[PDB]
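Just the one chain here, the form deposited in one PDB entry, laid out as structure tokens.
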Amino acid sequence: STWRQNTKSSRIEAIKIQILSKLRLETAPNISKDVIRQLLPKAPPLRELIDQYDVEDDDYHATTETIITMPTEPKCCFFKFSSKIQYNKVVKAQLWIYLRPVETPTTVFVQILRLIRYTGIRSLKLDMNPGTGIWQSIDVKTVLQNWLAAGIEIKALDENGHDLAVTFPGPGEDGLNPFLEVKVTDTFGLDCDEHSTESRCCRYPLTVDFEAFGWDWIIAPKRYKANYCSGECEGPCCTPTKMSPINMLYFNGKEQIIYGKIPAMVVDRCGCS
């Protein structure tokens, strides 16, 4: 009997305290088998509740809400192909472009085309005044989805034919490159036997027998597989990372028989935390 048997014993003591605590009982109901014979109804609802004992979510990895893609590195602009994205998971897709500040007030003709051999997606007419450059966002949700089930040209010319759109950024144009802003809606264990030589954090078998405790106030289940965790972690602590409930039919010691769901009574998985 090593540290593992000390973990098995303390698990049995924990289950005993947990059962009364979770069932809101200060003490184990003082009801003998002789009293249960008189009070337990010999009726279909009890037989049914007793006969029942004869018979997915990724919460670890991160969830990507927004993806911002810069153009791949002369020609412009081609976008990424590495990240996996769904056709119907796209909530919003906007192409952001920066227009350089103008020396004199002019009209700006913005033209975005999807390359194949050329199909128009959006055309804008802007009025720009001297002072500062401006960020223009273009809805590309329909196009972004169309390419997911399988190159963007950007032009922003003023009245003189000069292109104001920053595609390949010149000196002092840091963080002014075009980009796609895409918003999306996207959301085991180790088991051992009692005599395992395994030193790592592991799940071991444990059957809890309420008749062995003398807890006759519990009608069903008379026994259940509770399991326990034991092993070295090198968090530095072998604990359950997944637990499941049990249904219990019991005498509450207040002239009542209750059927209920007790959470976290069975160890499903062990881990280091």
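In case it trips you up, residue 1 is the first one in the sequence shown, and so on.
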* When you step from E73 to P74 in this entry, do you jump over none, 1 to 3, 4 to 9, or 10 or more residues of the deposited sequence that have no coordinates? -> 10 or more
* Unmodelled deposited residues between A62 and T63, binned -> none
* Mean C-alpha B-factor higher for 76-84, or for 93-101? -> 76-84
* Comparing 199-207 with 153-161, which stretch shows the greater average C-alpha B-factor in the deposited entry? -> 153-161
* To do: Just grab whichever of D58, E26, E48, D216 has the top CA B-factor as deposited.
  => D58
* Criterion, highest CA B-factor; candidates, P245, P41, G235, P240 -> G235
* In terms of the chain's CA B-factor thirds, is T69 lowest, middle or highest? -> highest
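Absent from the display: the form solved in complex with a partner chain. The rest refers to it.
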* Asked: Counting only non-hydrogen atoms and a 4.5 angstroms cut-off, does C76 reach its partner chain in the deposited bound form?
  -> no
* How about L124: is it within 4.5 Å of its partner chain in the deposited bound form, going by heavy atoms? -> yes
* Any of the heavy atoms of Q111 lying within 4.5 Å of its partner chain in the deposited bound form? -> yes
* Asked: Looking at the partner-bound form in the deposited bound form, is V143 within 4.5 Å of its partner chain by any heavy atom?
  -> no
* Asked: Which residue, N88, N160, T104, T185, has a heavy atom that falls within 4.5 Å of its partner chain in the deposited bound form?
  -> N160
